[PDB]
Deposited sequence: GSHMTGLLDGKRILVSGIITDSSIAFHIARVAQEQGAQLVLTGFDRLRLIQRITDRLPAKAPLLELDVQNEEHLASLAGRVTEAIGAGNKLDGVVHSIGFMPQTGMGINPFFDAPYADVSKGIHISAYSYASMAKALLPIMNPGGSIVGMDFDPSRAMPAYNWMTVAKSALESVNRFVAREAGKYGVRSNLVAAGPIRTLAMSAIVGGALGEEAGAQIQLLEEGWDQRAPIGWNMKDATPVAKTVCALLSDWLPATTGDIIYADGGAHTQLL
C-alpha cells in the first residue's frame, strides 16, 4: 500500500531527467499515483524523458503564458483521466528568469520586460493553473508548488528571489480560492538543487558565490544537505499530496535540511 494509492495527480515542469518534477513524478508513481504530465515546445523529446518513469503517463501540451492553453486544459485533462473522474493533486514545478535578472548581471540592469516574463511564469502561472484545474479537483485535494526561501536577499538568485516572494504571496491567495473546493494549496521551499538550470548558472564571481551558498547550507543543516539528491524534496511534495497534512494550507513546508532555522 502506497502513500498516494489510487490518486490522480497532474505534474508539470518536467524538462529533463534532472528536473525536480521528474523525481516528484517518479516518487509519486512509486507510491501508487496515476499521473498526468504537461510540457511545451519539445514534446517528442519530453515524451522520451517521460518514458523512463516507472509507469506510462499521458502528456498534454501546456504553455502557462497561453490563455487558450489554459482555457482548454481542464477539458483536455478530463478526456485523459476519464469522464466522471477528477484530479486529486496538482504539482506546480515551473519557474523562469532571463539571464539579465540572475547571475553576475547587475540587479539594476534587468529591464522590466524580462522581470515581468519571469514573474508571469514563476508566480502568476500558479494562479492561472489553479484557476484552470480547481473545477476538476476533488475535495481533500492538494495543490503544491515549488519554492526557494526568499525572506532574505542573496547573491546570484537576484530577481528570481523576487518572483519567489510573489509566489509565496500568490499561494496564500490561491489557498483562499482552493478552500471553497476543499483543496489545500502549499509550497515546498527546498534547499539548493543542482538542476540543469542551476548547473548552467554556476558555470555560465557569481558561480563561486553559489558554491559558498551550497557549502554553507550543508554545514548549517543539522541533518546535512545533499544538493545532488532531489529525493528528499520529492517525498516532501508527496507528503503534501497525501492525506497526512490535512490541516495545512496557504503555507510553506521547508525541505532544506533545517538550514533556514539555523544562523550558523
item	value
Deposited-sequence segments unaccounted for in the coordinates	1 to 4, 209 to 212
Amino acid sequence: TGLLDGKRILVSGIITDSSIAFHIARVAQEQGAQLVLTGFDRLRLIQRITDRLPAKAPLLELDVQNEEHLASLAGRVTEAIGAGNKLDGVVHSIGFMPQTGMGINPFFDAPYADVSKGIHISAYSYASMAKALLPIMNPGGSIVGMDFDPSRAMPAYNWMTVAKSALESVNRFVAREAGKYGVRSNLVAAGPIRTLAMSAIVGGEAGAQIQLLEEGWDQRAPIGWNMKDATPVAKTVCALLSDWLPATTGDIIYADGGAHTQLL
From here on, numbers count along this sequence of modelled residues.
{"item": "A239 dropped in a third or more of the other entries", "value": "no"}
{"item": "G203 dropped from a third or more of the other entries of this protein", "value": "yes"}
{"item": "Stretch exceeding the other in mean C-alpha B-factor - 101 to 109, 118 to 126", "value": "101 to 109"}
{"item": "Residue range whose averaged C-alpha B-factor is higher in the record, 158 to 166 or 92 to 100", "value": "92 to 100"}
{"item": "Which of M227, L213, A234, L62 ranks first by CA B-factor in the deposited coordinates", "value": "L62"}
{"item": "Chain thirds of CA B-factor: placement of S19", "value": "middle"}
{"item": "Chain third (lowest, middle, highest) by recorded CA B-factor, residue given as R220", "value": "lowest"}
{"item": "Ranked C-alpha temperature factor of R76 among modelled chain residues, by third", "value": "highest"}
{"item": "B-factor third for the C-alpha atom of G145 within its chain", "value": "lowest"}
{"item": "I136 - Cα temperature factor, lowest/middle/highest third of chain", "value": "highest"}
